[PDB]
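Scroll down for the structure; my scribbles are underneath it.
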Amino acid sequence: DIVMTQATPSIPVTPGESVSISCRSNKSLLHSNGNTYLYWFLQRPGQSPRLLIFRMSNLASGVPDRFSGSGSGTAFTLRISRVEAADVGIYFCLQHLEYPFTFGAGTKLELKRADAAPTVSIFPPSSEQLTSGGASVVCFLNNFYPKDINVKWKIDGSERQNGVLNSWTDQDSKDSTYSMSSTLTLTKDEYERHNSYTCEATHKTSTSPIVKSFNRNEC
Amino acid sequence: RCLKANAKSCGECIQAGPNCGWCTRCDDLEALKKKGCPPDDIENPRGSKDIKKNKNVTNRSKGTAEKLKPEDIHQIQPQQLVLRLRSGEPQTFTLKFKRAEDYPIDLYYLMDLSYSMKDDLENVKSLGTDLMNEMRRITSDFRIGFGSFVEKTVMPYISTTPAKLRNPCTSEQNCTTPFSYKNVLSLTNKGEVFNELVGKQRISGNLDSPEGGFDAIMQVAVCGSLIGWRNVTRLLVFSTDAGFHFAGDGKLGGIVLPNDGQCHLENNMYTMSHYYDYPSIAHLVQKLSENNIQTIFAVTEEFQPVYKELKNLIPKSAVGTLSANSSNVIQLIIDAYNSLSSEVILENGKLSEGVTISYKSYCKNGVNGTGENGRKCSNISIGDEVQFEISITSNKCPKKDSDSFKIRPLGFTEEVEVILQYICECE
Amino acid sequence: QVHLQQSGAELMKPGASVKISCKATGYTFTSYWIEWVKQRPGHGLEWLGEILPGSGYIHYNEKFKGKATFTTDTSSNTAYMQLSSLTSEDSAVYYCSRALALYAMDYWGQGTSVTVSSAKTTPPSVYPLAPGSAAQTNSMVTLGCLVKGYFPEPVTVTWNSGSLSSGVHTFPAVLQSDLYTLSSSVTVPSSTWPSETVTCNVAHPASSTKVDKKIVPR
Amino acid sequence: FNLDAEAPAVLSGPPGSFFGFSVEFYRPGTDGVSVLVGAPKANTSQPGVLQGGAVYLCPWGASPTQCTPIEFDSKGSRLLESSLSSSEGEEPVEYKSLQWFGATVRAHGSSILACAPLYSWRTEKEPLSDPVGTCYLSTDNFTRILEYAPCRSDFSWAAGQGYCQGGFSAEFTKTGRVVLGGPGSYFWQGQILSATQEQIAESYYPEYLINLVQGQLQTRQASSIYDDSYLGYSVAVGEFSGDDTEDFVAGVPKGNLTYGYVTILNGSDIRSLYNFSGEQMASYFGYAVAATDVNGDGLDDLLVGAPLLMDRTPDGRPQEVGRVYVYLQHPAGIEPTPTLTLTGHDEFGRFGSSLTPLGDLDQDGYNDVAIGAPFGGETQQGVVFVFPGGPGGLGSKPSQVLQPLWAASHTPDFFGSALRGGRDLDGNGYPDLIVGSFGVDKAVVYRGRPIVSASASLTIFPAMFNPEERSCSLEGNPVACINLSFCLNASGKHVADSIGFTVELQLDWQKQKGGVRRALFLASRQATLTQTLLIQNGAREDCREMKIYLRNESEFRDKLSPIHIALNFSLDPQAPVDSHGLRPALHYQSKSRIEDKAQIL
Ligand SMILES: *[C@@H]1O[C@H](CO)[C@@H](O[C@@H]2O[C@H](CO)[C@@H](O[C@@H]3O[C@H](CO[C@H]4O[C@H](CO)[C@@H](O)[C@H](O[C@H]5O[C@H](CO)[C@@H](O)[C@H](O)[C@@H]5O)[C@@H]4O)[C@@H](O)[C@H](O[C@H]4O[C@H](CO)[C@@H](O)[C@H](O)[C@@H]4O)[C@@H]3O)[C@H](O)[C@H]2NC(C)=O)[C@H](O)[C@H]1NC(C)=O
Ligand SMILES: *[C@@H]1O[C@H](CO)[C@@H](O[C@@H]2O[C@H](CO)[C@@H](O)[C@H](O)[C@H]2NC(C)=O)[C@H](O)[C@H]1NC(C)=O
Ligand SMILES: *[C@@H]1O[C@H](CO)[C@@H](O)[C@H](O)[C@H]1NC(C)=O
Ligand SMILES: *[C@@H]1O[C@H](CO)[C@@H](O)[C@H](O)[C@H]1NC(C)=O
Ligand SMILES: *[C@@H]1O[C@H](CO)[C@@H](O)[C@H](O)[C@H]1NC(C)=O
Ligand SMILES: *[C@@H]1O[C@H](CO)[C@@H](O)[C@H](O)[C@H]1NC(C)=O
Ligand SMILES: *[C@@H]1O[C@H](CO)[C@@H](O)[C@H](O)[C@H]1NC(C)=O
Ligand SMILES: *[C@@H]1O[C@H](CO)[C@@H](O)[C@H](O)[C@H]1NC(C)=O
Ligand SMILES: [Ca+2]
Ligand SMILES: [Ca+2]
Ligand SMILES: [Ca+2]
Ligand SMILES: [Ca+2]
Ligand SMILES: [Ca+2]
Ligand SMILES: [Ca+2]
Ligand SMILES: [Mg+2]
């Protein structure tokens, strides 16, 4: 029934700055009470959601004064005053007026940092894997910022996109960089039917792709 | 028993006990009915129960999305009952109490302003919002007030040298002039207004140790519209680091006229501290009970033994330890509230002469009350139901009319109308 | 000390049905609604329903009528939810929490992951990732391990028993076809390899597996 | 029960003066009897002294002008000597305005003591406002006037005696020793101060405000855990130790975490002998204390009031009623728990509020007690209860209830907030009673009536009316007659040797309901016979015989129901006035009406 829109999917913020996070509702959460029923929750990575704000404006216990909530009858914002590493996570709004209760797809909140170029490495299938009739070419791209990166695989010169499997880590707590893993997986027969395997990384920290490459027949 | 010397006409053999029979002598049931008399012409127009108004205890069927109107909530059932009562025959009925989850709460904060609360005052500056924030976990509609008090402004309680009359304390100490009671803020939901206005109050002082907060409690209880009490649950926080003057102490000052229990506010100042004695404990018990004021004594460690005793004499009160810098008040309030709101205590009104009540309680964990404890149930958490077996007898026919005496849990305006109708005439 | 303890992780096959429990302590069980919420990676949070322990009052989110059934046991302060006709849509983490009309969801459970896969238990194949050439962005070399074709999660990866854990990356596992695949990289200064032994330690407890792979040059 | 509540004497001083705040019997030497009345808000003619308070002397014998204020101090306020003028000098050293002089008034022999518990003085050093209080003693029928203010000393602030208010309560011993209550000493710990009259006079030097009385007695300053106890809120005197020097009873109403206590100190050296704790917090245990022998076994018993006491109705409603506790002295000591308690019935009518011994009021061998509830009664005017003493202690039920006979004012009345009894104003040997009512500026003198007690018999010799057997006649026809005889025994000393009674006999006393009267007297041919009888104080059963006949009628209807005979008697309400115009009263426990029957076959 009631739709909660949290337009912005993620917000990068330098520690120390303040942030407002917004949530909209297609129906006014204002009750005849004078109470408006909007809640805010924060999910730190790998932990369960925690209540931050209840009935639009009020703080949950244990929640620092840095957090403050306010809003219209249909447009609400959560303001965090001095964003720390502990405030990193997904912020969900929730309406508690009509069945069924609805969360907005949350907004993620991450630290801003000095832009960083990935450290790109590519590894051949191993003796072990080829023995079993499989072939994986793995491509690590470590310790980069911003989040947004794009990987293309090329086999003997031309782009291919069929055997590719990608995995991204969450932002690192210690240095606030990201890492990503890209794995192309082929049959041992299909693998021995081509010479060169390359992963190209087009990140924002350069105009030209960061290109790393393996040549089956190189000695 | 009725076996001995007892014999009269018609409507007198009726009002002699349970057994006594009379065929149309006045001795027994299993003796007159043991001997030859037909159970056709025998007289027994016995007593009956009759439930007239009886809205059901509100259940939470409509779920968490129903934010329920305070006026719809029903904690006590039945509400209006008519009881037809014969002499010697108890007419018992049960009463069901259920604790609702959410009720609007008015809280008045009444504080000692003698010089030992200077530390305390400076902490209360921010209390309005931090307490609003906390109380709101418990209530959807919370209002806060603030009032100050120090002492009676007369010999011998304050010193009356022109100097100390203006600054009751030392040279450096900047004490304002002594006062009896000041209504700083009648009940608002603007907790920040609390914060500004409380931080504009100046600290005072006086001579003798016990203060005159009893002059203050009374005014707070009886000055309805000027304080802003709504017909909701009413909390009075009374916080201090001293004992209390009460009736009789006024003599020393020449004051000998007993407190009238009436309002005497002018520009939010109690004006008649010169003229009226401090109220007696009994007096407060009356006016607090009658104004549904649940009292939270927030007093320091050294005056616990005293305020604990006070607590036992004031129905629907609670006591807790305040830190010297008043840092712990909110937790204190919460704790006080939780215990207050998790125990129901049943009180009736003035009965007429030949009429007595008895109480039996049946609480959680099969814990059952009896006698004076028949009207108490504790350990009641939100949604819990408890029952009460209320039992009423009579001796003989007094008023050939009716009595509308109410049975009520202390703190709540919700009542149970109980209409007695006495059966006197023959049939 | 208000606490909701939920039952452990559960592995299921498509079409089956499962019952999750939520045990409440530190408060009177019959005073609060228990709220049920679903979390899929990519759809955020989703309210399923609520039930009042003492009563027989339930409010379902209609989308889930005939998928989720709610029951409570007052004598053991436990809420139960049953998911039936399991599909790949039902694979998620499921939270119970607590609510009154005036104050919703202050305390939460730790969550329960429900996985719906017709796959059986399988050990992980551990493949070494030694470099094709001697290439580096700084005087630091990157090595790795490829762990694949296993079920279910978790798998744990450490380097040299644990002696070396600075500059390790072990990425979220991903679904191969009906098995899991995961990789791990370790950056280590150039002098310490091949000179010093670098080995990845891979454990799959759900099959009692302990495979070590020393990563040799070439 | 014998107090002339019908028409008592009403003394009344100036409007708004609190005339009647304390009351005392005065007798200079022997039988110059007068009533003392304090009125502590009264205006005087002292220079620059607003409402200084006065004590009124009201001689007993009938007079034109009622009461004249006794001059204890006709002077205004002594001036601070240290700076008479120097540069700036007008400083009074004391403050007599609003000092409440006359709050307590006591008398022993020709000596009378009057106190101002709100008297305050600037000190001769740093400026204070210390309400030290002061009493004025006047000796040998006003020939010498002494000031006694023991708390006006070299210890001058709340911390010492500065706030003592010595005089707040006070009483004389049997030897004329002055006993003083000072509730405010040492941060309201409280203090009892005592000294002999001679010591006061030895030590009175009014040219200096501080007069250290030599050999004066004093309770000692304790640790501060005793602050705000109000020791000396009330005092009484009585023998409670073995010896013959009277001992001191003192209220300590805020004493033990505000449950009160009552202490008894040793008359010879102020020292704690007994304590008795209250039963309820902020019940004002020890608001008033009195000491009298209630059970005629010679030993002084203790009475303690606690007017603010709450109890629970049978129907569980709390209420302020007040309670009096009677402890009782035995050969072994005094019982630490009360033997009896009395409780008020009127809500907010401070029951344990004032207490005075009355002596033997009904002259029966036992001392009685009067207790006031200054706000009891239908209109909250106030009530005084009299309680009879007896062998087994104080009677738990009141012999008489005293209330004012005037209507309510706008202001409360305070009837019975001040009590003094146990002495004899008029001729008779029956003690009397002064009841203050300062709310309306009156005091009321009730005197005891002389007590006559009689009993009567009534017997019918031929108890059967024999309708056909007629053994006497009248006009012509014989009638069936019967002998009615009745006797009378009357007694009571301090009364005339012969006592006039009147006696009413009624035949068929129930059928006299407009109906038919079946038995008639032979002498008058009627159903009633009223008569006068002179009866001697300790004489024989004085009898009368007479003849009643049954109606010579086969003409009246009721032959079934018995003829009822009824005798009632009272003291002739005529030719009575003896010493002073005060008619005697029948004992309330003697049957003045008796009922008998005469049947038919
Ligand atoms: C009836 O009820 C009353 C009230 O309860 C009882 O009265 C109280 O009894 C107790 C017990 O006796 C009293 O406390 C004790 O007081 C004595 C005497 O104190 C005086 O004399 C001392 C010896 O010469 C002297 O040192 C004292 O001076 C000190 O204290 C004063 C005041 O604090 C201060 O001004 C000075 O600077 C001194 O420091 C004083 O003049 C005392 O000897 C006792 O001391 C004992 O305990 C203390 C500490 O606890 C210890 O330090 C000592 O070594 C000793 O062991 C004790 O304090 C109390 O004061 C009594 N009176 C009143 C009015 O409150 C009464 O007993 C009951 N009667 C009956 C018959 O039961
Ligand atoms: C308090 O009262 C309840 C109700 O009367 C008691 O519980 C009942 O016990 C009887 C006898 O054992 C059973 O037959 C009933 O089934 C019970 N009724 C209910 C409603 O529980 C309880 O035993 C009493 N408490 C104590 C301490 O005895
Ligand atoms: C509360 O209820 C009483 C009882 O009917 C009523 O007389 C009173 O006016 C009400 N008070 C307020 C403030 O609404
Ligand atoms: C006493 O006199 C003062 C001043 O003259 C006056 O105001 C007051 O009314 C008088 N009071 C009494 C009790 O006579
Ligand atoms: C006492 O003094 C008064 C005058 O105040 C006088 O009338 C009376 O005669 C004196 N009485 C005695 C007994 O000396
Ligand atoms: C009263 O005091 C004296 C000592 O001053 C003593 O002889 C007497 O025994 C005391 N009385 C009692 C009852 O202890
Ligand atoms: C003071 O009162 C308490 C409570 O009644 C009592 O137990 C205690 O014994 C009292 N103390 C004294 C000295 O009587
Ligand atoms: C007898 O009683 C009646 C009261 O009914 C009364 O009027 C009458 O005076 C009494 N007579 C005597 C002599 O007491
Ligand atoms: Ca004070
Ligand atoms: Ca403080
Ligand atoms: Ca003695
Ligand atoms: Ca005795
Ligand atoms: Ca007597
Ligand atoms: Ca007399
Ligand atoms: Mg203070």
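Residues in the structure tokens are named by chain (A, B, ... in the order shown) and by number from 1 within that chain; ligands are numbered from 1 in the order shown.
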
All residues within 6 Å of ligand 8 are required, counting only C-alpha atoms and all ligand atoms; please report them as a PDB file with N, CA, C and O atoms, in the first residue's frame.
ATOM      1  N   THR D 502     -40.092  15.628  92.400  1.00  0.00           N
ATOM      2  CA  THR D 502     -41.466  15.537  91.902  1.00  0.00           C
ATOM      3  C   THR D 502     -41.661  14.191  91.219  1.00  0.00           C
ATOM      4  O   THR D 502     -40.741  13.670  90.598  1.00  0.00           O
ATOM      5  N   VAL D 503     -42.861  13.632  91.350  1.00  0.00           N
ATOM      6  CA  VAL D 503     -43.107  12.238  91.008  1.00  0.00           C
ATOM      7  C   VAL D 503     -44.415  12.095  90.240  1.00  0.00           C
ATOM      8  O   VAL D 503     -45.475  12.523  90.709  1.00  0.00           O
ATOM      9  N   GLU D 504     -44.325  11.477  89.063  1.00  0.00           N
ATOM     10  CA  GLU D 504     -45.454  11.326  88.148  1.00  0.00           C
ATOM     11  C   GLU D 504     -45.776   9.848  87.945  1.00  0.00           C
ATOM     12  O   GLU D 504     -44.916   9.061  87.541  1.00  0.00           O
ATOM     13  N   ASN D 568     -42.368   8.021  86.677  1.00  0.00           N
ATOM     14  CA  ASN D 568     -41.148   8.812  86.444  1.00  0.00           C
ATOM     15  C   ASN D 568     -40.972   9.948  87.451  1.00  0.00           C
ATOM     16  O   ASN D 568     -41.958  10.491  87.951  1.00  0.00           O
ATOM     17  N   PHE D 569     -39.717  10.271  87.768  1.00  0.00           N
ATOM     18  CA  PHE D 569     -39.399  11.338  88.728  1.00  0.00           C
ATOM     19  C   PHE D 569     -38.228  12.218  88.286  1.00  0.00           C
ATOM     20  O   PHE D 569     -37.361  11.790  87.517  1.00  0.00           O
ATOM     21  N   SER D 570     -38.212  13.450  88.792  1.00  0.00           N
ATOM     22  CA  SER D 570     -37.068  14.363  88.646  1.00  0.00           C
ATOM     23  C   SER D 570     -36.961  15.311  89.850  1.00  0.00           C
ATOM     24  O   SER D 570     -37.882  15.392  90.676  1.00  0.00           O
TER      25      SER D 570
END

Taking only C-alpha atoms into account, report as an NGL selection string which residues of chain B lie within 7 Å of chain C. :B and (61 or 63-67 or 102 or 137 or 140 or 381-383)

Can you tell me, as a list in words, what residues are no more than 8 Å from residue 125 (chain C) when counting only C-alpha atoms, ignoring any on the same chain fewer than 4 positions away? residues 146, 147, 148, 149 and 150 of chain C

File of the preceding selection, N, CA, C and O atoms, as an mmCIF file, in the first residue's frame:
data_model
loop_
_atom_site.group_PDB
_atom_site.id
_atom_site.type_symbol
_atom_site.label_atom_id
_atom_site.label_comp_id
_atom_site.auth_asym_id
_atom_site.auth_seq_id
_atom_site.Cartn_x
_atom_site.Cartn_y
_atom_site.Cartn_z
ATOM 1 N N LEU C 146 41.810 -20.103 -4.870
ATOM 2 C CA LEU C 146 40.488 -20.213 -5.439
ATOM 3 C C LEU C 146 39.803 -21.397 -4.799
ATOM 4 O O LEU C 146 40.272 -22.532 -4.897
ATOM 5 N N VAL C 147 38.694 -21.117 -4.126
ATOM 6 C CA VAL C 147 37.949 -22.131 -3.405
ATOM 7 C C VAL C 147 36.615 -22.286 -4.112
ATOM 8 O O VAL C 147 35.800 -21.362 -4.106
ATOM 9 N N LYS C 148 36.394 -23.432 -4.750
ATOM 10 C CA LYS C 148 35.170 -23.586 -5.545
ATOM 11 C C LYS C 148 34.510 -24.954 -5.591
ATOM 12 O O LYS C 148 35.141 -25.986 -5.341
ATOM 13 N N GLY C 149 33.221 -24.916 -5.929
ATOM 14 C CA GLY C 149 32.376 -26.099 -6.029
ATOM 15 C C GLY C 149 31.946 -26.666 -4.690
ATOM 16 O O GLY C 149 31.790 -27.881 -4.564
ATOM 17 N N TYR C 150 31.751 -25.794 -3.696
ATOM 18 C CA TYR C 150 31.359 -26.228 -2.349
ATOM 19 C C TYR C 150 29.951 -25.804 -1.934
ATOM 20 O O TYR C 150 29.372 -24.895 -2.523
#

DSSP on the backbone: which residues in region 4-219 of chain A end up as strand (DSSP E)? Give the answer as a PyMOL selection string. chain A and resi 4-5+10-13+19-25+38-43+50-54+58-59+67-71+75-80+89-95+102-103+107-111+119-123+134-144+149-155+158-160+164-168+178-187+196-203+210-215

Test item: chain C residues at most 6 Å from chain A, counting only C-alpha atoms, as a PyMOL selection string: chain C and resi 44+47+61+106+110+129+131+171-172

Would you pick out the contacts of residue 206 (chain C) at 8 Å or less, using only C-alpha atoms, so that residues sharing its chain but fewer than 3 positions from it are not included, and give the list as a PyMOL selection string? chain C and resi 121+152+154+209

Write out as a list in words all residues of chain A that DSSP puts in helix (DSSP H, G or I) for this structure's backbone.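 Going through chain A, the helix (DSSP H, G or I) residues come out as residues 85, 86, 87, 127, 128, 129, 130, 131, 188, 189, 190 and 191 of chain A.
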
Measuring atom to atom with only C-alpha atoms, identify which of B:196, B:141, B:119, B:414 is nearest to chain A. B:141

Straight-line distance linking atom 9 (O, counted along the ligand's line) of ligand 5 with CA of residue 32 (chain D), stated in Å to one decimal: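 These atoms are spaced 7.5 Å apart.
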
If we count only C-alpha atoms, what is near region 253-259 of chain D at a cut-off of 8 Å, once residues fewer than 6 positions away on the same chain are taken out, given as an MDAnalysis selection string? (chainID B and resid 306) or (chainID D and resid 226 228:231 233 277:287)

Using N, CA, C and O atoms, can you export the residues from the last selection as a PDB file, in the first residue's frame?
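Once written, selection.pdb looks like this:
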ATOM      1  N   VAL B 306      12.933   8.234  55.851  1.00  0.00           N
ATOM      2  CA  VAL B 306      11.771   9.071  56.120  1.00  0.00           C
ATOM      3  C   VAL B 306      10.754   8.983  54.994  1.00  0.00           C
ATOM      4  O   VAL B 306       9.586   8.669  55.231  1.00  0.00           O
TER       5      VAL B 306
ATOM      6  N   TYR D 226      19.580  15.012  65.905  1.00  0.00           N
ATOM      7  CA  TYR D 226      18.413  15.254  66.748  1.00  0.00           C
ATOM      8  C   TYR D 226      17.768  16.583  66.404  1.00  0.00           C
ATOM      9  O   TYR D 226      16.772  16.961  67.019  1.00  0.00           O
ATOM     10  N   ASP D 228      15.534  19.415  64.521  1.00  0.00           N
ATOM     11  CA  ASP D 228      14.108  19.395  64.147  1.00  0.00           C
ATOM     12  C   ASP D 228      13.300  18.325  64.877  1.00  0.00           C
ATOM     13  O   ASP D 228      12.604  17.524  64.250  1.00  0.00           O
ATOM     14  N   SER D 229      13.404  18.325  66.204  1.00  0.00           N
ATOM     15  CA  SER D 229      12.632  17.415  67.041  1.00  0.00           C
ATOM     16  C   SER D 229      11.501  18.108  67.803  1.00  0.00           C
ATOM     17  O   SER D 229      10.520  17.458  68.176  1.00  0.00           O
ATOM     18  N   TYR D 230      11.642  19.418  68.027  1.00  0.00           N
ATOM     19  CA  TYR D 230      10.645  20.241  68.735  1.00  0.00           C
ATOM     20  C   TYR D 230      10.418  19.815  70.196  1.00  0.00           C
ATOM     21  O   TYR D 230       9.287  19.859  70.693  1.00  0.00           O
ATOM     22  N   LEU D 231      11.482  19.404  70.884  1.00  0.00           N
ATOM     23  CA  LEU D 231      11.371  19.082  72.297  1.00  0.00           C
ATOM     24  C   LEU D 231      10.858  20.296  73.048  1.00  0.00           C
ATOM     25  O   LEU D 231      11.430  21.380  72.968  1.00  0.00           O
ATOM     26  N   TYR D 233       7.488  21.156  72.856  1.00  0.00           N
ATOM     27  CA  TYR D 233       6.302  21.667  72.175  1.00  0.00           C
ATOM     28  C   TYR D 233       5.156  21.774  73.192  1.00  0.00           C
ATOM     29  O   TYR D 233       4.331  22.683  73.120  1.00  0.00           O
ATOM     30  N   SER D 277       7.226   6.211  72.440  1.00  0.00           N
ATOM     31  CA  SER D 277       7.180   6.552  71.024  1.00  0.00           C
ATOM     32  C   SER D 277       5.739   6.661  70.491  1.00  0.00           C
ATOM     33  O   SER D 277       4.821   6.052  71.034  1.00  0.00           O
ATOM     34  N   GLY D 278       5.553   7.463  69.444  1.00  0.00           N
ATOM     35  CA  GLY D 278       4.274   7.555  68.734  1.00  0.00           C
ATOM     36  C   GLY D 278       4.052   6.304  67.904  1.00  0.00           C
ATOM     37  O   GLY D 278       4.879   5.389  67.938  1.00  0.00           O
ATOM     38  N   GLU D 279       2.953   6.250  67.151  1.00  0.00           N
ATOM     39  CA  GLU D 279       2.630   5.041  66.386  1.00  0.00           C
ATOM     40  C   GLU D 279       2.557   5.232  64.863  1.00  0.00           C
ATOM     41  O   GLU D 279       2.476   4.254  64.111  1.00  0.00           O
ATOM     42  N   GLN D 280       2.589   6.483  64.417  1.00  0.00           N
ATOM     43  CA  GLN D 280       2.346   6.816  63.023  1.00  0.00           C
ATOM     44  C   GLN D 280       3.144   8.053  62.657  1.00  0.00           C
ATOM     45  O   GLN D 280       3.206   8.999  63.436  1.00  0.00           O
ATOM     46  N   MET D 281       3.754   8.054  61.477  1.00  0.00           N
ATOM     47  CA  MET D 281       4.522   9.212  61.033  1.00  0.00           C
ATOM     48  C   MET D 281       3.640  10.457  60.890  1.00  0.00           C
ATOM     49  O   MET D 281       2.507  10.367  60.399  1.00  0.00           O
ATOM     50  N   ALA D 282       4.170  11.600  61.337  1.00  0.00           N
ATOM     51  CA  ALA D 282       3.517  12.924  61.255  1.00  0.00           C
ATOM     52  C   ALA D 282       2.126  13.065  61.885  1.00  0.00           C
ATOM     53  O   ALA D 282       1.463  14.097  61.748  1.00  0.00           O
ATOM     54  N   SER D 283       1.682  11.999  62.536  1.00  0.00           N
ATOM     55  CA  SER D 283       0.729  12.082  63.626  1.00  0.00           C
ATOM     56  C   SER D 283       1.486  12.924  64.617  1.00  0.00           C
ATOM     57  O   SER D 283       2.715  12.749  64.777  1.00  0.00           O
ATOM     58  N   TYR D 284       0.812  13.850  65.283  1.00  0.00           N
ATOM     59  CA  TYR D 284       1.602  14.808  66.052  1.00  0.00           C
ATOM     60  C   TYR D 284       1.814  14.399  67.517  1.00  0.00           C
ATOM     61  O   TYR D 284       1.660  15.212  68.421  1.00  0.00           O
ATOM     62  N   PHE D 285       2.173  13.134  67.739  1.00  0.00           N
ATOM     63  CA  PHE D 285       2.345  12.577  69.086  1.00  0.00           C
ATOM     64  C   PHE D 285       3.112  13.531  69.993  1.00  0.00           C
ATOM     65  O   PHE D 285       4.290  13.813  69.757  1.00  0.00           O
ATOM     66  N   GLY D 286       2.439  14.038  71.019  1.00  0.00           N
ATOM     67  CA  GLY D 286       3.083  14.927  71.972  1.00  0.00           C
ATOM     68  C   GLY D 286       2.806  16.378  71.666  1.00  0.00           C
ATOM     69  O   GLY D 286       3.523  17.263  72.123  1.00  0.00           O
ATOM     70  N   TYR D 287       1.761  16.609  70.877  1.00  0.00           N
ATOM     71  CA  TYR D 287       1.266  17.947  70.577  1.00  0.00           C
ATOM     72  C   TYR D 287       0.756  18.570  71.866  1.00  0.00           C
ATOM     73  O   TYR D 287       0.931  19.769  72.105  1.00  0.00           O
TER      74      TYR D 287
END
